[PDB]
RNA sequence: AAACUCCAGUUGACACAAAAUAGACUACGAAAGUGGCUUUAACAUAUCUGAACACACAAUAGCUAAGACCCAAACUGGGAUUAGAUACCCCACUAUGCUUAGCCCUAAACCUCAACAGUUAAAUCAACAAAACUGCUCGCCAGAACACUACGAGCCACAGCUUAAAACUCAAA
Ligand SMILES: CN[C@@H]1[C@H](O[C@H]2[C@H](O[C@H]3[C@H](O)[C@@H](O)[C@H](NC(=N)N)[C@@H](O)[C@@H]3NC(=N)N)O[C@@H](C)[C@]2(O)C=O)O[C@@H](CO)[C@H](O)[C@H]1O
Ligand SMILES: [K+]
Ligand SMILES: [Mg+2]
Ligand SMILES: [Mg+2]
Ligand SMILES: [Mg+2]
Ligand SMILES: [Mg+2]
Ligand SMILES: [Mg+2]
Ligand SMILES: [Mg+2]
Ligand SMILES: [Mg+2]
Ligand SMILES: [Mg+2]
Ligand SMILES: [Mg+2]
Ligand SMILES: [Mg+2]
Ligand SMILES: [Mg+2]
Ligand SMILES: [Mg+2]
Ligand SMILES: [Mg+2]
Ligand SMILES: [Mg+2]
Ligand SMILES: [Mg+2]
Ligand SMILES: [Mg+2]
């Protein structure tokens, strides 16, 4: 067949398998790319925490956490703890427009993990709560 | 006037679904309604998870009830659908067939605005 | 379809409140803006990160990280050529859109007339 | 420019003068300096094209009226 | 929260080419407007400032469309001079 | 830096708050103002004009009383910068913003371009801006400053609002 960019809906039967596992079963890599930090947490299909890493947990301080090298370092630290539990294929769910939004995705690949999808779950309200006032800096 | 009751019932068996529709159609007649038809849109999966009466629903039955009733019967029937435990979500809207559609002749081209600034040599 | 301008600006015939409040008159100019400078993309960063990670493990010895250095070296050579090729070629080469200097010679041959003569 | 060659030849053919080139400001209103004090300006100007290349009236239309020269124009 | 996961804003990776997937996803968010919306939602934009920006963006479009419409209309006249010498 | 560390991330449950896209639309309404869904009621006038004060409305802020509370946030406190910093930057939190019931009656309430009817000819027109005019009517204005003042009156307003002078002074604004 051809190749579609839309994810295979669970209900309808498909033929796309990864290591004999359906798309639903693949573990999920929740990335929260903030402006001053980047936390990464890998979970299974049944929401079971397997690995957690962040720039702070890798020995970075203050303004070094909001860089692209600290997010990549955090991906290698989470892709090395989850590869010992039998994780190879993951579903990336990026949340945030921070510096370590794409650099953490590269770090997960530098740990032996293969990314099959890229999901964006950045919080966008349909007017809800009021942000802080604009600054003059 | 003529209204349309978009009713989303809880996924149940045939005996329980028919008892709910009858109980719901009798409430309209008691408020002065003249039911006209009862269409079934079928049971499908909801677009989003609906939480009603301490229950999280993922499926439901879609039924339309076209009827005639006085203006005062709409507000009294909306309070009857909020207490029914087998009615996930139910909204009353004016029937779309009582709104004639004006004939259209097509798209009218719009010419750029003219004489917006003085014809002077700036 | 360019947005409309009917009943947008504050005028005498328009009874309704203005929709637009332009600070510069909406009259086409006889020139375009100059293309801005691009920030640019840093090159040979992945080769530069695996070469400095080997030094830490090997205590900054250039005898055990030889393979990594070549990746960072060969890349620099290729990247340097691209910068020279890109700057000269873009101006001389005609691709896609024209440049302002040549595009303003075309707009000055067909100037916009917001006056009568 | 398309008919510049044709007009110049006809002017030569009919023993008359032509100017199909860029009009330097002052040919008429400043002829004394440019050509000389004893110069004789045209008695009749025939405009085969009254507009310039920027779709505006030729300057000679107004410069011939200042010097009270009768003009013919298409 | 109440919608199905892994449908919205999801792109599948072809032959491990993550770069192309991230560029496609970022092109979906920029064309839809989410990227700029998230940048203006970090600090509250007062109504008066938000109305001044919409007018600026609407007058910029109008101008840019007409200038482009004239550049495409006069690009036919960018050919060689046919009356070279006259 | 301080702060927090019953903190953070995933999942699930869960609002008296606020209403992405559409909207490149240009609508409603007297204006103020109005952009989530449904329903009910509902949008003056068969000549025009017509009020600081009559009659009725009027953003935000604010008072009084009783509730609510996600977030934001004057004040205040802490941290930093600085010659100093009663500020800009960071954190936390309050009045307040919300609802109900009363009040207050202000704005760069400015599309600074009155209402109605009409014209595009003639001298187009100081300048700029949003081309220039005609008829009719109401309102207002006659150097600057003193003066969004003082006094007086009126007002649920008591550090208030409306209306609103003069003297001294300059030869400019
Ligand atoms: C043409 N005259 C201009 C004018 O001069 C004026 C100027 O007049 C000043 C008055 O004496 C003073 O009391 C007055 N002071 C006040 N406190 N009212 C000045 O404001 C005033 N200057 C002015 N209006 N520009 O000083 C006076 C002596 C002057 O020379 C009289 O003729 O104003 C001067 C600037 O103040 C200009 O330099 C002159 O060119
Ligand atoms: K204004
Ligand atoms: Mg301006
Ligand atoms: Mg909304
Ligand atoms: Mg009246
Ligand atoms: Mg009066
Ligand atoms: Mg008043
Ligand atoms: Mg008020
Ligand atoms: Mg209040
Ligand atoms: Mg707060
Ligand atoms: Mg302080
Ligand atoms: Mg509070
Ligand atoms: Mg206003
Ligand atoms: Mg009036
Ligand atoms: Mg005065
Ligand atoms: Mg005042
Ligand atoms: Mg007073
Ligand atoms: Mg008084």
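FYI the Cβ positions are ideal-geometry reconstructions off the backbone, even for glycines, and counts take in every protein chain you see. Bear in mind these aren't lab numbers, they're just calculated from the coordinates by the rules spelled out.
Here are a few things to note about the model shown:
- Taking every residue in C:109-117 and counting other chain Cβ atoms within 10 Å of its Cβ, the average works out to 5.
- Packing-based exposure ordering (other Cβ within 10 Å, fewest first) of B:67, E:73: E:73, B:67
- For region C:47-82 and region B:38-96, distance of Cα centres in Å: 67
- For chain E, the percent of C-alpha pairs falling in each 5 Å distance bin, counted from 0 to the bin holding the largest distance, reads 3, 9, 9, 12, 12, 11, 12, 11, 8, 4, 4, 3, 1, 0, 0, 0.
- Per principal axis, descending, Cα span of region B:2-94 in whole Å: 34, 22, 22
- Spacing of the modelled spin labels on residue B:91 and residue C:95, each 7 Å from Cα toward Cβ, amounts to 5.2 nm.
- Compactness of region B:43-122, taken as the C-alpha radius of gyration over 2.2 N^0.38 Å, stands at 2.14.
- DSSP beta bridge pairing in chain A, given as percent antiparallel to the nearest 5: 50
- At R0 = 51 Å, FRET efficiency that the Cβ-Cβ distance of residue D:20 and residue B:117 yields, to 0.05: 0.90
- Listed peptides A:74-84, C:9-19 by packing density, highest first (mean Cβ within 10 Å): A:74-84, C:9-19
- Label-point separation in nm, residue A:19 to residue E:68, each point 7 Å along Cα→Cβ: 4.7
- Using alpha-carbon coordinates, inclination of helix B:72-81 to the longest axis of chain B, degrees: 60
- Helix A:68-79 axis, angle to chain A major axis (alpha carbon atoms, nearest 10°): 40
- The calculated FRET efficiency for the pair residue E:57 and residue B:75, based on their C-beta separation and a Förster distance of 51 Å, comes to about 0.70.
- Shielding by partners, peptide E:18-24 (average Cβ within 10 angstrom, other chains): 5
- Averaged over the residues of peptide D:42-55, the number of Cβ atoms from other protein chains lying within 10 Å of each residue's Cβ is 1.
- The distance between label points at residue E:86 and residue A:81 comes to 8.3 nm (points 7 Å beyond Cα on the Cα→Cβ vector).
- One quarter of the convex hull surface built on the alpha carbon atoms of chain A amounts to 11.0 nm², the projected area averaged over directions.
- Here is the P(r) of chain C: all C-alpha pair distances, binned every 10 Å from 0, give 10, 20, 18, 16, 13, 11, 9, 3, 0 in whole percents.
- Estimated from the Cβ-Cβ distance and a Förster radius of 60 angstrom, the FRET efficiency linking residue B:27 and residue C:24 is about 0.40.
- Measure of compaction for region D:10-65 (Cα Rg per 2.2 N^0.38 Å): 1.20
- Helix C:66-92 and the longest principal axis of the Cα set of chain C meet at an angle near 30°.
- Projected area, mean over directions - the protein assembly as shown, Cα convex hull, nm²: 46.4
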